[PDB]
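What follows is a set of notes on a single structure, which appears directly below.
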Amino acid sequence: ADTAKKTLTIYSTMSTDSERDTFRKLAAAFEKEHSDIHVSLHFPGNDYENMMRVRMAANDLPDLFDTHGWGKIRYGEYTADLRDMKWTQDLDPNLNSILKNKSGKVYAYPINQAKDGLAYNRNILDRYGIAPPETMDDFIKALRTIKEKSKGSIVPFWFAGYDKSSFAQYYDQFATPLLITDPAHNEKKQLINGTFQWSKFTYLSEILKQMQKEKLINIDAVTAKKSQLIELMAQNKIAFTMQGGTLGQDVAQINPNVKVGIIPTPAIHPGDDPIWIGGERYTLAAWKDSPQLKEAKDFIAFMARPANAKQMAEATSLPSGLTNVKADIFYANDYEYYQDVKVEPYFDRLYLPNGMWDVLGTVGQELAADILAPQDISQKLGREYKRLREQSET
Ligand SMILES: [Cl-]
Ligand SMILES: [Cl-]
Ligand SMILES: [Cl-]
Ligand SMILES: [Cl-]
Ligand SMILES: [Cl-]
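Listed below in structure tokens is the structure:
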């Protein structure tokens with residue numbers, strides 16, 4: 007260590023080599039402009055939550071940290087208000103409800119943003135005359151069409167069911183149109199206050215069971231692995247799958263003749279609009295009590311400069327959080343086509359106690375394996391919801 011420098015500690019949930027390497031390159035560029043700062047960048051991976059929990063309890067936070075979809079709920083008491091920073095004038099308005107309170111606090115700087123729906127093979131849908139589905143009913147009808155017309159040669163909706171998170175993603179994304187987006191058919195208040203009736207969730211298990219029974223998902227869903235997806239998609243073997251984020255670009259590298267697109271998550275209730283799911287992905291929040299708060303803010307401002315924000319966003323394959331930055335990403339075409347579609351945060355992060363992600367994955371895998379029936383799943387979910395609320399409380 008150089009004792010003529012002070013250390014600025016930054017925690018990140020970034021996972022890929024492109025993300026980590028680009029963040030390090032930008033940290034090095036920051037250091038060129040600030041000869042007295044050594045940036046200490048940490049990527050704790052699976053240990054992130056445990057380490058931040060202990061650091062919060064110790065009142066010993068990193069100077070900058072990633073809130074990764076939990077900005078208000080988990081980090082509200084520790085974050086510096088960023089409302090007086092210059093970059094806030096360009097915050098994507100789709101992020102206002104997620105990264106601000108109505109009373110004006112800006113909780114964190116969004117490096118990027120997540121917008122998840124369904125990924126699909128454009129050519130397959132054109133072969134069979136299928137328009138992008140905007141409702142669950144139209145989605146299922148498309149799956150039936152693909153099964154009928156392909157005579158079983160194309161998987162209509164593919165799951166890597168070996169990994170329970172594949173089913174969790176299904177439940178989590180579709181819980182938003184089911185329970186959140188429609189003012190006449192939502193349960194926001196009941197979810198937050200513990201009175202939610204899990205009988206209202208059964209619909210999603212019924213749909214999944216319909217897809218299984220009707221051979222609209224892959225026959226091998228219980229044993230299919232994430233590592234198989236790119237090759238199968240590039241071989242024109244899959245019509246739809248839940249969005250993973252880099253599928254199109256990865257497939258194009260192997261077979262440029264296959265064009266993968268994305269669409270928003272279909273709506274469920276009549277008259278409701280399709281929705282993008284995500285919002286926060288990676289953020290930089292400053293610890294309000296950091297002795298190096300000024301430097302932390304200088305680093306955020308540096309990251310928010312358009313050339314830097316574009317670079318970082320592109321490494322993550324997602325749009326920037328700022329309107330003055332147009333990251334050249336693979337799905338940019340589709341995000342422009344769907345520019346007026348709204349964004350909802352991930353259901354589990356806002357509406358369920360911590361721990362429910364794994365439970366959603368569990369029950370979906372047990373459904374696919376014919377261990378649990380839809381009615382019994384909702385009862386298990388309710389029990390875990392109650393238990394995990396009781397534990398997060400006490
Ligand atoms: Cl965390
Ligand atoms: Cl897997
Ligand atoms: Cl994707
Ligand atoms: Cl962008
Ligand atoms: Cl979990």
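Just so you know, we're using the authors' numbering here: the sequence shown kicks off at 7 and counts up by one. Positions of the beta carbon are idealized from the N, C-alpha and C atoms, including for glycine.
Backbone secondary structure at residue i - three-state DSSP
i: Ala-33; result: helix
i: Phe-207; result: helix
i: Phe-180; result: helix
i: residue 440; result: The requested residue 440 is not part of the displayed model; the chain covers only 7 to 400.
i: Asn-224; result: coil
i: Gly-250; result: coil
i: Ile-43; result: strand
i: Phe-308; result: helix
i: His-191; result: helix
i: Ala-125; result: strand
i: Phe-49; result: coil
i: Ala-7; result: coil
i: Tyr-54; result: helix
i: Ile-16; result: strand
i: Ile-269; result: strand
i: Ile-244; result: strand
i: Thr-73; result: coil
i: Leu-235; result: helix
i: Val-257; result: helix
i: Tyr-357; result: helix
i: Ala-291; result: strand
i: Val-60; result: helix
i: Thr-201; result: coil
i: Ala-120; result: strand
i: residue 419; result: Lying before the first or after the last residue shown, residue 419 is absent from the chain, which here runs from 7 to 400.
i: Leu-324; result: coil
i: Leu-97; result: strand
i: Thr-85; result: strand
Bounding residues of the beta strand (DSSP E) (the contiguous stretch that carries residue i)
i: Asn-107; result: Element bounds for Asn-107: n/a, residue is neither H nor E.
i: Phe-163; result: 161-164
i: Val-349; result: 349-351
i: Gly-285; result: 282-285
Residue i, buried or exposed, once every other Cβ within 10 Å from all chains shown has been counted against 16
i: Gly-370; result: buried
i: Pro-162; result: buried
i: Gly-77; result: buried
i: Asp-72; result: buried
i: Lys-232; result: exposed
i: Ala-34; result: exposed
i: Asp-53; result: exposed
i: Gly-135; result: exposed
i: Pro-270; result: buried
i: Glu-390; result: buried
i: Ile-260; result: exposed
i: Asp-340; result: buried
i: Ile-79; result: exposed
i: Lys-153; result: buried
i: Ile-225; result: exposed
Test item: CB-CB of residue i and residue j under 7 Å
i: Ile-274; j: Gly-123; result: no
i: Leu-210; j: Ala-125; result: no
i: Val-112; j: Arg-133; result: no
i: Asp-98; j: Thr-329; result: yes
i: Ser-172; j: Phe-165; result: yes
i: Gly-285; j: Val-347; result: no
i: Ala-190; j: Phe-353; result: no
i: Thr-151; j: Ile-281; result: no
i: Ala-245; j: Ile-130; result: yes
i: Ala-227; j: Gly-167; result: yes
i: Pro-359; j: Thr-208; result: no
i: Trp-204; j: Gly-327; result: no
i: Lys-316; j: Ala-338; result: no
i: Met-20; j: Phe-49; result: yes
i: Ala-120; j: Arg-355; result: no
i: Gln-255; j: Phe-336; result: yes
i: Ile-43; j: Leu-14; result: yes
i: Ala-230; j: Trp-363; result: no
i: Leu-299; j: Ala-291; result: no
i: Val-257; j: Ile-236; result: yes
Span of the alpha helix (DSSP H), counted from its first residue to its last, around residue i
i: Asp-382; result: 380-399
i: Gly-370; result: 362-374
i: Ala-148; result: 142-156
Heavy atom of ligand 7 within 6 Å of residue i beta-carbon
i: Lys-231; result: As far as ligands go, the structure on display features ligand 1, ligand 2, ligand 3, ligand 4 and ligand 5 and does not contain ligand 7.
**Prompt:** When the Cβ atoms of the region 301-312 are set against those of the region 126-145, are three or more pairs found closer than 8 Å?
**Reply:** no
**Message:** Count Cβ pairs between the region 235-244 and the region 196-215 that sit closer than 8 Å; are there 3 or more?
**Reply:** no
**Item:** Any 3 or more C-beta pairs closer than 8 Å across the region 310-322 and the region 16-28
**Value:** yes
**Asked** Would you say the region 359-376 touches the region 212-223, given that touching needs at least three Cβ pairs under 8 Å?
**Response** yes
**Message:** Pairs of beta-carbons, one from the region 60-71 and one from the region 28-44, closer than 8 Å: are there three or more?
**Reply:** By the Cβ rule, the region 60-71 does not count as touching the region 28-44, because fewer than three pairs are nearer than 8 Å.
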